[PDB]
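Protein chains in written order, with the authors' numbering: chain W, 51 to 148; chain 6, 27 to 79, 99 to 118, 120 to 124, 127 to 209, 213 to 282, 287 to 380; chain P, 42 to 114, 120 to 179.
We put the CB at the ideal spot given by N, CA and C, even for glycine.
Okay, so here's the structure we're looking at.
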Amino acid sequence: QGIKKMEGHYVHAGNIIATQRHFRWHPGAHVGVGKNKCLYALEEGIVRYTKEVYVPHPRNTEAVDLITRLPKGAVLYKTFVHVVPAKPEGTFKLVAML
Amino acid sequence: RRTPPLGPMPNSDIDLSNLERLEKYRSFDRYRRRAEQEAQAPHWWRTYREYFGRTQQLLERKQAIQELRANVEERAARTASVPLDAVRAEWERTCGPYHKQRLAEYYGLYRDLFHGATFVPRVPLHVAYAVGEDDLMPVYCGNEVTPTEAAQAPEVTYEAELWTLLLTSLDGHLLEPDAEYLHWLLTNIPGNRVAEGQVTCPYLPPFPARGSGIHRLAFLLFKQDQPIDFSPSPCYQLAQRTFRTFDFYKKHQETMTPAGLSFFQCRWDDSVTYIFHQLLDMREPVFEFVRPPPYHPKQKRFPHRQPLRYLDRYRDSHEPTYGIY
Amino acid sequence: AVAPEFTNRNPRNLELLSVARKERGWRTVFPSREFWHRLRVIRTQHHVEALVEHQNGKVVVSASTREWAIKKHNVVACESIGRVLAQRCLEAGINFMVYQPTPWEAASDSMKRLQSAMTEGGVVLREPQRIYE
RNA sequence: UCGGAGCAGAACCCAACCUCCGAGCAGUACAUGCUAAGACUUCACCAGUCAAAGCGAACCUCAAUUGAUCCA
RNA sequence: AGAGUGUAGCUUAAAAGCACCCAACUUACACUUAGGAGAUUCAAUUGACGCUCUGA
Ligand SMILES: [Mg+2]
Numbered sequence: 051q052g053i054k055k056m057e058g059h060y061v062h063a064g065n066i067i068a069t070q071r072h073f074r075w076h077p078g079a080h081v082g083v084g085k086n087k088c089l090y091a092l093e094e095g096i097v098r099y100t101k102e103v104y105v106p107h108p109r110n111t112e113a114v115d116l117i118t119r120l121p122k123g124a125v126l127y128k129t130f131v132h133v134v135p136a137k138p139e140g141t142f143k144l145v146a147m148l
Numbered sequence: 027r028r029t030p031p032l033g034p035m036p037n038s039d040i041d042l043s044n045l046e047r048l049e050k051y052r053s054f055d056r057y058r059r060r061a062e063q064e065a066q067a068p069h070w071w072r073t074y075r076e077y078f079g099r100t101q102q103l104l105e106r107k108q109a110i111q112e113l114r115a116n117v118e120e121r122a123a124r127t128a129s130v131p132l133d134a135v136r137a138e139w140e141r142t143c144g145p146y147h148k149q150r151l152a153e154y155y156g157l158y159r160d161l162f163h164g165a166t167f168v169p170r171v172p173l174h175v176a177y178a179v180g181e182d183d184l185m186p187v188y189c190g191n192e193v194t195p196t197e198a199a200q201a202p203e204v205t206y207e208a209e213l214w215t216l217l218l219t220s221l222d223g224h225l226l227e228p229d230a231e232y233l234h235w236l237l238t239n240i241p242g243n244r245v246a247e248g249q250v251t252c253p254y255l256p257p258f259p260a261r262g263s264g265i266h267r268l269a270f271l272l273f274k275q276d277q278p279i280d281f282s287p288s289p290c291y292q293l294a295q296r297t298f299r300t301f302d303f304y305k306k307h308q309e310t311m312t313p314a315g316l317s318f319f320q321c322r323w324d325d326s327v328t329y330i331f332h333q334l335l336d337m338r339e340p341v342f343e344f345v346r347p348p349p350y351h352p353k354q355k356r357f358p359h360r361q362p363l364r365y366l367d368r369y370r371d372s373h374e375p376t377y378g379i380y
Numbered sequence: 042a043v044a045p046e047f048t049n050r051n052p053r054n055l056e057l058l059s060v061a062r063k064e065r066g067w068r069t070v071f072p073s074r075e076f077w078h079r080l081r082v083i084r085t086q087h088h089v090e091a092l093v094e095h096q097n098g099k100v101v102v103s104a105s106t107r108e109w110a111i112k113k114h120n121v122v123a124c125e126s127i128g129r130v131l132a133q134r135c136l137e138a139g140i141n142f143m144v145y146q147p148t149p150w151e152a153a154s155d156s157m158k159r160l161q162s163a164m165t166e167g168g169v170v171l172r173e174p175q176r177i178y179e
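If you want it as structure tokens, here you go:
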């Protein structure tokens, strides 16, 4: 296991980015994931890593208990994998002059 | 080797000898507030933003709040009406400038038309588009109006007493980008009378092309200290109407500062095509808004374990055949 | 004299057409960043702020109790602020929102009253789909 | 070969050809949905797997009851 | 008599945020939801009104 593609490498959408058991790799912008806890590309562009504080969903109650167990001055931080889209979504081209 | 953090590591100082003596995030809102306070900082380990990003008035307000509490008492709370008209009027009177500057920055009007230099509009200006007799369509900062309803010139209100009103579409239609299509040009308006000032460019209707997204048209009035000359008569030429507001503000609006702005969206409609055919005397263009195509994978000699879709990627389509009839 | 690539420069064109792209990931962290216009409310003692942030975080419109304009004439205050923000969004042209509070804040009656006032003003917190291809 | 009570009285462990109950089980099932990009490849194929966007929903009992490769 | 002096308890706030307390769920605590109570001491950058310390 591990990161399949290094950050900054151009990768198409759906390509495997980072696979891990116990989530060492966290999701950033445009980073899909399924039941296998692996990170995959959701868009074409350049991969980057960012150390940003992770706040769990309210559905996770054990994570809520752990965050409560963390101090008020304690900050978690986590390495998320953002996918900056290189190409644009689309462009308007002049069809015809009726 | 071993890379540690370049700046101060997180959760370093708050540890101390007595970890149990920490106050701890008993409330989840407290931890969220601390995390948001940390996220407001730019930090040294990079982030997503690294890659992507009076006393008398106070006493009067206190007396008003005390009177409101006495009128409520409690009983009205146990559901106050709080009419939004007076609140909106007071907000436009007191704190409308910061929100107006925020809206102008969000629309990119100052960055495009004025090439930057955003300012808080002191004069509160709202437009009224004439649609029949009653009522008039209200146009605030960002209020959308279709080209069909915007065939005629609209009225404007600012509650002020020289002035110079102009209208420019910052979308850069037809011609090259980084330009705005001028629509109207009122200059040297005496007092609130906009008709007192001369009209250099007569008011033209909006002409947004089909399928070109949304267009941004802004009408702006600036505070004028002294009246100045201008210059283009009623013309349908697109070359004369093409002008940037930054260049006009830089080397011509020396003794002039902005006072008020109103933004609006513009889309293709029947009146846009009518103006294109009759007034512009040209064929109306239509835009496609087309996305990029698939890259398509690399073609090899054999499909290997893949299904039948491997050998049919990089041509087109549906009925092609064999050697020759 | 019409260019082949006509590029209109309205900032809200892609969001109104829903073609504005969103960060598909960041699913582990809460809240997710996959939204166009997100209603972010910060409730504090007495005064409570309420902004509408874009994907970049551009909070264009704010409506808080500290504005000192509506100070004349709380869940009722939350409903009034929601109605005022709905009127401001209708003036500015906003109809698609993303209200994602905490489940405790979701259970809050102040948030429910504010959302009801926003729906009465004509602001939908639905975040419609971008429509692929 | 494996568990429950005491020896082993209050986070673990603890010993006896120690003191007593037990076990080689039994009973009950086989959204555990459809569709759909983009990837892994048993070094061919076959066989297998991961999974983004969409439609349609939520939001095993037991007390032990067992063991290992190897050749079948 | 002198020094330090001044936003509710706290603020390298300019009238906000942390804090106060009440209830319901809590054995209880905590959280959450609903609440409200809360301050730049007064006169023209200056003066005094209020307190701590040093004295008597
Ligand atoms: Mg990987």
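Asked	Found
Proximal chain P residues relative to residue 299 (chain 6), where beta-carbon distance stays under 8 angstroms	What residue 299 (chain 6) touches in chain P: nothing, since even the nearest Cβ is about 12 angstroms away.
Proximal residues, the segment 133-147 of chain W versus chain P, C-beta separation under 8 angstroms	133, 135, 139, 140, 141, 142, 143, 144 and 147
Residue-level contact to chain P via CB, residue 54 (chain 6), 9 angstroms cutoff	yes
Under 7 angstroms (Cβ pairs) to chain P, residues found in the segment 160-191 of chain 6	160, 188, 189, 190 and 191
Whole-Å CB distance - residue 77 (chain W) paired with residue 130 (chain W), under 8 angstroms assumed	6 angstroms
Buried or exposed (CB count within 10 angstroms, at least 16 for buried), residue 121 (chain W)	buried
Proximal residues, the segment 79-106 of chain W versus chain P, C-beta separation under 7 angstroms	79, 80, 81, 82, 83, 92, 93, 104, 105 and 106
Boundaries (first-last residue) of the beta strand (DSSP E) holding residue 147 (chain W)	144-147
Opening and closing residue of the alpha helix (DSSP H) in which residue 131 (chain P) lies	121-138
Check: residue 68 (chain W) C-beta below 8 angstroms from any heavy atom of ligand 1	yes
Environment of residue 160 (chain 6) [buried if 16+ CB atoms lie within 10 Å]	buried
Against chain W: residues of the segment 239-257 of chain 6 by CB proximity under 7 angstroms	none
Proximal residues to residue 65 (chain P) (C-beta, below 8 angstroms), its chain only, five neighbours per side dropped	75
Nearest-angstrom beta carbon gap, residue 198 (chain 6) and residue 257 (chain 6) [assumed within contact, 8 angstroms]	5 angstroms
Residues near residue 247 (chain 6) in its chain [Cβ-Cβ closer than 6 angstroms; skip 5 each side]	240 and 241
Distance cut-off 8 angstroms: residue 83 (chain P) Cβ against heavy atoms of ligand 1	no
Cutoff 8 angstroms; reference residue 144 (chain P); Cβ partners in own chain excluding five residues on either side	76, 77, 78, 79, 80, 171 and 173
Cβ-based contacts, 7 angstroms cut-off: residues of the segment 103-128 of chain W near chain 6	103, 105, 114, 117, 118, 120, 121, 122, 123, 124, 125 and 127
Residue 72 (chain W) at chain P interface by Cβ criterion, 9 angstroms	no
Ligand 1 heavy atom lying under 8 angstroms from the CB of residue 96 (chain W)	no
Contact test: residue 92 (chain W) Cβ vs ligand 1 heavy atom, cutoff 8 angstroms	no
Whether residue 158 (chain 6) touches residue 165 (chain 6) by CB criterion (9 angstroms)	yes
Residue of 178 (chain P), 175 (chain P) and 131 (chain P) minimising C-alpha distance to residue 161 (chain P)	131 (chain P)
Spatially closest choice to residue 147 (chain W) from 335 (chain 6), 357 (chain 6) and 370 (chain 6), by CA coordinates	335 (chain 6)
Length of the line joining the Cα atoms of residue 43 (chain P) and residue 276 (chain 6)	39 angstroms
Three-way DSSP call (helix, strand, coil) for residue 145 (chain 6) in this model	helix
Of the residues 111 (chain P), 88 (chain P), 122 (chain P) and 48 (chain P), the one placed nearest residue 159 (chain P), counting alpha carbons only	122 (chain P)
Contacting positions in the segment 64-92 of chain P - beta carbon closer than 7 angstroms to chain W	64, 65, 66, 67, 68, 69, 70, 71 and 74
Cβ neighbour criterion (16 or more within 10 Å) applied to residue 234 (chain 6)	buried
Neighbour-count burial assignment, residue 324 (chain 6), 16 or more Cβ in a 10 Å radius	buried
Burial state of residue 117 (chain W) (16 or more Cβ within 10 Å)	buried
Buried versus exposed call for residue 56 (chain W) [16 or more other C-beta atoms within 10 Å across all chains shown]	exposed
Secondary structure of residue 247 (chain 6), DSSP reduced to three states	coil
Whether residue 139 (chain 6) touches residue 111 (chain P) by CB criterion (9 angstroms)	yes
Proximity test, residue 55 (chain W) beta-carbon vs ligand 1 heavy atom, cut-off 8 angstroms	yes
Within chain 6, partners of residue 179 (chain P) - CB distance below 7 angstroms	346
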